[PDB]
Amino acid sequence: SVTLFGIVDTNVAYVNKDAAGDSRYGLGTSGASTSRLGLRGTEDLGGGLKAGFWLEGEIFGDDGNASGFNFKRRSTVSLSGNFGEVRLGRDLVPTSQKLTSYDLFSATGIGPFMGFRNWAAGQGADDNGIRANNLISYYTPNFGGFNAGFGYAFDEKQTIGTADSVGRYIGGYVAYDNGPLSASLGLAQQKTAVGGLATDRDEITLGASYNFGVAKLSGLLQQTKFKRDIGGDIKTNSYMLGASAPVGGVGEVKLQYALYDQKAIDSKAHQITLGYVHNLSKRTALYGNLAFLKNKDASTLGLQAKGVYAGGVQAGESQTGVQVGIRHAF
């Protein structure tokens, strides 16, 4: 079968300050789920073997994809069977695919965990550690709850300054998932450059959650270190704890706290986000996100109101943001 699918998630959003201390408001996107358009298919080859493909790109409903539509979210071909699944092509790397599942705000909107970000202003295409070009991944079956994923992305001799392997990824995870309980440990290294100097991006991530039915609790710890070959490092420890709960048959409330300990500037930022999702149907929801981000000292982090304002703020400033929108899946 071949399936056309997508999501259009568009919102109004506001932040009280930008890099100049001025408020911003506007029409933005992707507050509850990332807006997307894709095609996927699966073919039974017999003998339990299946071939697949998946082409997916982000949608920007506020500007009609003004910078041009692509398939940067995923563009894979695969084989799958009793051995698991092997995929070739651009995709989420295994470490982000698995560990972002512990973020109650699904790595989008103003609310989400910010650990997967380019903390060091690395010069690679994907120094947020989320996706990779030139990726091969292998995902095992789940046996008795245990499951794992592994990926390698080729650098293809991409060269920036003294780095001649920019974009290489090697990484994977081990996990236990039984339904209500989930826990995962991810480890990855990317090759990059910072200021034209070869640098490793090392990331270790631990996540766990338990779904009690009446509520779900979820936590994530992560250390990301950009270690420059000649010496020096930009190290960040990121922490998150959240809870969600169904409210009355068609609603869901979510609350998440995060802390970002940015060692290179000896500064912390703390974040609290409250969210609500109200389902009008299985495919259509209204939602609201309210977030507060407190930078200390030299920290300049800003909330990610996509399509409105997602830059930084002045050092040590607190920022408040709101998003209210509709998400429609098809």
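Residue numbers run from 1 along the displayed sequence.
Looking only at CA atoms, which has the higher mean B factor in the entry: 258-266 or 31-39? Comparing averages over the C-alpha atoms only gives 258-266.
For the higher mean C-alpha B factor in the entry, choose 305-313 or 19-27. Per the PDB entry, the higher value belongs to 19-27.
If I read the C-alpha B-factors straight from the PDB entry, which of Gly149, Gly167, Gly129, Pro246 is highest? When the deposited C-alpha B-factors of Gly149, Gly167, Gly129, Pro246 are compared, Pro246 is largest.
Maximum C-alpha temperature factor, selected from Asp202, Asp155, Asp91, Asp233: That would be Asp233.
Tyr239 CA temperature factor, ranked by third within the chain: Middle third.
Pull the Cα B-factor of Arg73 out of the PDB entry and bin it into the chain's lowest, middle or highest third. Lowest third - that is where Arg73 ends up once the chain's C-alpha B-factors are sorted.
C-alpha B factor of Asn65, ranked within the chain: lowest, middle or highest third? For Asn65, whose C-alpha B-factor we compare with every modelled residue in the chain, the answer is the lowest third.
Ranking the modelled residues of this chain by C-alpha B-factor as given in the entry, is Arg87 in the lowest, middle or highest third? It falls in the bottom third of the chain.
Would the CA B-factor of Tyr210 place it in the lowest, middle or highest third of its chain? For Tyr210, the deposited C-alpha B-factor lands in the middle third.
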